[PDB]
Each structure stands twice: as C-alpha cells, then as structure tokens.
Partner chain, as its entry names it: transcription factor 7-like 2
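Only one chain is included here, represented as structure tokens and corresponding to the form solved without the partner chain.
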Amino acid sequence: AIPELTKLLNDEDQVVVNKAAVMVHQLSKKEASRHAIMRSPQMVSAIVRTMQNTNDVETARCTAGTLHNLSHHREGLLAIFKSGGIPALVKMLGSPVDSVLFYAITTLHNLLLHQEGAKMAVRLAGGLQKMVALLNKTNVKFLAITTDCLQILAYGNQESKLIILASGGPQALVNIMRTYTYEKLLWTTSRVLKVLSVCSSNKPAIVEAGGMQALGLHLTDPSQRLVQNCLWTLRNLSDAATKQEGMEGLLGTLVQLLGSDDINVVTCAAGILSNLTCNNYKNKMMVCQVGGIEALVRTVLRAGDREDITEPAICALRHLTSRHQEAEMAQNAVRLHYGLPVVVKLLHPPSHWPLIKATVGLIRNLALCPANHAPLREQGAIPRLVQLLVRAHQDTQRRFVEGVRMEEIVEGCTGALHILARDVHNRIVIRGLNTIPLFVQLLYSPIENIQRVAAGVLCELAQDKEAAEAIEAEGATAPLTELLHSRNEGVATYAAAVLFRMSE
C-alpha cells in the first residue's frame, strides 16, 4: 500500500493527510511494512513535507512518530537524512506540544549518533539554538537527550561552542546542574559544561551564571564519572572565578577532597584551590578555617615527585601564607603540621622550574614568621636558594626556561634571602657563601624589583661591620648613591639604608 499512500499525504483536506498519517504510523510499527517505508523515498519525503507543514497536532505527532520509528535502522536513518529530514525536525523543536518535541529530539539524537554528516547538517539548520531553548523543559529524560545532542555537536567544534554561548547555553546548563538529581542528565550536562569550559569566551559566562557553586553541589555524589567531570570543569573555570561569593561550601569540599585516594581528584582539588586563593582574601580565610594548611601539607607529603600535584598545592600554600589576616597563623601552621622539611626539599631536583618558582615564593612568605628561620636553615634552604640565584643570574647574562621567567627566580631567591637575613644566624650562612659580590652586581640590574631585593639583603647584611666593609670593598657605594634617587621609593629607602649602616 506504500505506492498509493504517498498520494494521500501529497493531497489537501485534513482527514486525507490525517488518516494517511494515522495510517502510515501503523505501517511503521510493523517490521514488514516499516521495512517498505524506508525502502521508498517518495514515502519518506512525503512524511517530511507533511510534518513541517501540518496544522493539526495529530498529524504532527503521527508524522514525527513515524520518522522516529524509521530512525532505529541504518537504511531508515539515511532515508531521513537524504530526503532533507534534519531541517524539518529542527523546525519541529519549536512545537508547543511535547509529543512531537520528544519524537524530534530522539530522531535527531539517533542521527547525530549513527548518521555520517548529520552533525554538520544539524549545525547548519540552526539546531544548536533550538536545543538550548529547550533546556528550560522539566522532563529529565528529555533534558538528558537534549544535552547529549549538544555534547555531540560541541565536542571538538569551536563554532558550536560559540553558538551555544550566544543562545544562553551556560545559564541553562548551570540551572540543570543545581536543580535535578538524575545522574545521567547531570553527567551529560557536566560533559557539555566541560567542553565549554575549555573555551575562554564561555569561561566567564559559566562563572557569572553561578556554575562554580552549582558544580560544587555534586562533588559528593556517589557517581565517580560525575564528580570527576565536575572537577575537570571547575579546574578550567577556576582562574576566572576569583571574584565569586558564596564559595564556602565549594571550598570546604575541595579541602576534604585533597585526602582522596583518586589521583585525578586530588590534582583537580589542589588546582582549583590554588586558582581560587589567588588574590582573594575571603577565600584565603575560609580555606584556613577548614584546616586547609594541614590538608595541603599532607597532600604535598603524599605526592612526592608528582609535580602535577605539588605545583598547585604549593601555589595554594603560597597564596594562603601572605596578604590576609590568618597569614601569620598559616605561616606557623606549615611548620606545626610538619611541612617545612618537604618545602625545602622541593627546591632540589628532580623538581622543575614551575615547582621551584612556587616553592621559593612559599619559602619567602614562610620566612616572614621568625619561628621559621631556624627550621628553614637546618633544612639547607639558604645554600639552595643561593644555588638557584646563581644559576638564574648566570642565564640572564646571555646577551624564559620551562615557561618561567628566569629573572623572576632572581627576584624570588634574593627576596627570600632578604627575609632570612633578618636573623643573625642566617646572615652568617649568607655571608659565608660568597654572595656579596653577587648582591652588588644585582644593583646594576635594570629591573627595579631586582634592585630592591638586592639592596634589601645588602641592608640586613650590613648590620655587621665586617660584612659592611666587604660590601664597600665590592664598590657598592657608587650604585647605592645612584639608587638614592631611583624613581622607585622602596629602592631609594633601601639604598639609603645600606649607605647609613656603612657609618664606620
């Protein structure tokens, strides 16, 4: 009856197409007849023309249901695809009744999963915009199919991620994250957000929509694939969420998550916490109150050579030990939690430059606490900081290694030595390493920040007349008198200080 049935759909009068629709639908639920529907292109075409032109809701539900049943096999799938189907079901994603909406999204989903060239076809028809507009629906199974469709198209396609963003993608995807509990929908939604989080233009939109807090709600779910997709997305956005409020719950969970047995969970937790504590005084406190210093120290002790874990954890320790209230107590807490020996050890190989630069800054802030001077000394921090300073300064004299700025090590090492020189015992070790020639040669550096730490460590060393004479013997008076009129006030203050202690 297939040859005759194409005409009843290519004909006016409702019931004629309606009956035919409520007649081809039945020839679709039976395998013998259905095998003949896909076999005929005139049939397949006629149902597409009827579906996207119909006025009656039963024809729309019966047609879209017929092509949905066609989409379960390869020959029917490409029959939909070849007869210009995808543009029609994309149109049907704007229907006001839920039956055709369900039928269209499942047929498009099957095409996106099993039809070659359907991802390009759906993209061009404006599918991404329609799929995002459907994210406000309430059927979680419908939402699970719709978000998986978006994931199929957004994955590895930059143009797709931009279109999703322009349609309010992040906010609608974040809303799903903080509303529903169906694991498959949460896991699929998290896949979409993970794909979007690697795009710099989607990063602030997900953050501004509250996506950080929304992902934190599911960090304790029993689904391992859901927590890790949540953690990967949080890691990506972390650098663009340093201003968000309401981070108390998320930060609390991340601190607890540092003790996880899973390697990927710990790495992500340290990475998120590092970025989240950077220049956010409020985050620095909250992490300290939930005992983050202890957690990060134990995390570092557990990692050993795993630099993908120690680099972010030490960064977070560096953030939590400076420029906020509890920084003083956080400086003591690293020592009281048996952290000092591991920090100094990480200055030595096989640590690479990213880890070293982060460790130096931590030691710099750790040295602000005078109770850390002796235990840092007995770990060998002074000769190692000088070894790094000499090598870094030797490289800048060639007239960027491992991604780090080589003069940033000169500023960081000399600055840490400046702090340590506050203690008299440390001064002995600094002086005994033949470093005064190096500290005077750094006064001729053009980088104002290097001139400051150099004059600083020279100022502390000059408390002792023997050291002040050696410094004078290296011809420091001339660059110091010039640095008196430096545009940088901190250098002029430091330069005046070294010249003053040269009283004898």
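Residue numbers count along the first chain shown, from 1. Here the rigid core means the biggest group of C-alpha atoms that line up within 1.5 Å when the two forms are laid on top of each other.
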Does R399 go missing in at least one third of the other entries compared here?
yes
Per the record, how many residues of the deposited chain fall between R399 and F400 without being modelled: none, 1 to 3, 4 to 9, or 10 or more?
4 to 9
When mean C-alpha B-factors in the record are compared for 192-200 and 67-75, the larger belongs to 67-75
Per the entry, where is the mean C-alpha temperature factor higher: 252-260 or 403-411?
403-411
Largest Cα B-factor, entry values, listed residues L461, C62, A470, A454
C62
Among the modelled residues of its chain, the C-alpha B-factor of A121 falls in the third labelled middle
Would you mind checking where the Cα B-factor of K130 ranks among the modelled residues of its chain, as the lowest, middle or highest third?
lowest
Divide the modelled residues of the chain into thirds by Cα B-factor and specify which third, lowest, middle or highest, holds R235.
middle
Check where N279 lands among this chain's C-alpha B-factors and tell me if it's the lowest, middle or highest third.
highest
Give the position of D148 by CA B-factor within its chain, expressed as the lowest, middle or highest third.
lowest
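What follows is about the form deposited with the partner chain bound, which we do not show.
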Counting only non-hydrogen atoms, choose the one of 136-144, 384-392, 290-298, 247-255 that falls within 4.5 Å of the partner chain in the deposited bound form.
136-144
Answer with one of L433, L217, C278, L336: the residue that has a non-hydrogen atom within 4.5 Å of the partner chain in the deposited bound form.
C278
I need to confirm a contact call. Of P312, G85, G127, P170, which residue comes within 4.5 Å of the partner chain in the deposited bound form, counting heavy atoms only?
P312
Is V198 a contact residue for the partner chain in the deposited bound form, using a 4.5 Å heavy atom cut-off?
yes
Within a 4.5 Å heavy atom cut-off, is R323 in contact with the partner chain in the deposited bound form?
yes
Any chance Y180 has a heavy atom within 4.5 Å of the partner chain in the deposited bound form?
no
Would you check, heavy atoms only and a 4.5 Å threshold, whether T188 touches the partner chain in the deposited bound form?
yes
Suppose contact means a heavy atom within 4.5 Å; in the deposited bound form, does that hold for all of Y155, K184 and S274 with the partner chain?
yes
After a core superposition, would you say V97 shifts its C-alpha by at least 2 Å between the shown form and the other one?
yes
If the two forms are fitted on the core, does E75 show a Cα displacement reaching 2 angstroms between the shown form and the other one?
yes
Any chance the CA of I447 moves 2 angstroms or more between the shown form and the other one, core superposed?
no
